[PDB]
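First up is the structure itself, then whatever we jot down about it.
Residue numbers (PDB author numbering): 1 to 74.
What follows is the structure, encoded as structure tokens:
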């Protein structure tokens, strides 16, 4: 592609504590994992981290701004 900065990607939220899945439709993360947020119920958010998809109470996470001025994991 000749031009176009890309990168209009979905919300991410970093997990604050590890939480295994329980239901089928529950997400599984570790402490300080980064989850691709994808939808938001009342408190439970759908998001994807390490090939799952699933739902999780957002209370276990925080929204992040950008990955800004810290790493550049190329």
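Cβ atoms here follow ideal geometry from the backbone N, Cα and C, with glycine treated the same way.
Close Cβ partners of residue 12 (< 7 Å) along its chain, the five nearest in sequence each way excluded: Cβ contact annotation for residue 12 (same chain, cutoff 7 Å, sequence separation greater than five): 34, 35, 36, 37, 64, in chain order.
Cβ shell of residue 46 (< 6 Å), same chain only, five flanking positions each side left out: Closer than 6 Å at Cβ, skipping near neighbours: 38, 39, 55.
Residue 61, buried or exposed, once every other Cβ within 10 Å from all chains shown has been counted against 16: With 16 or more other Cβ atoms within 10 Å, it is buried.
Local conformation of residue 31 per DSSP, three classes: Under the three-state reduction of DSSP output, residue 31 falls in the coil class, being neither helix nor strand.
C-beta contact flag for residue 27 and residue 52 at 8 Å: Going by C-beta atoms, residue 27 is nearer than 8 Å to residue 52.
Residue 8 classed as buried or exposed, judged by whether at least 16 other C-beta atoms fall within 10 angstroms: In this structure residue 8 is exposed. Its beta-carbon is surrounded by fewer than 16 other beta-carbon atoms within 10 angstroms.
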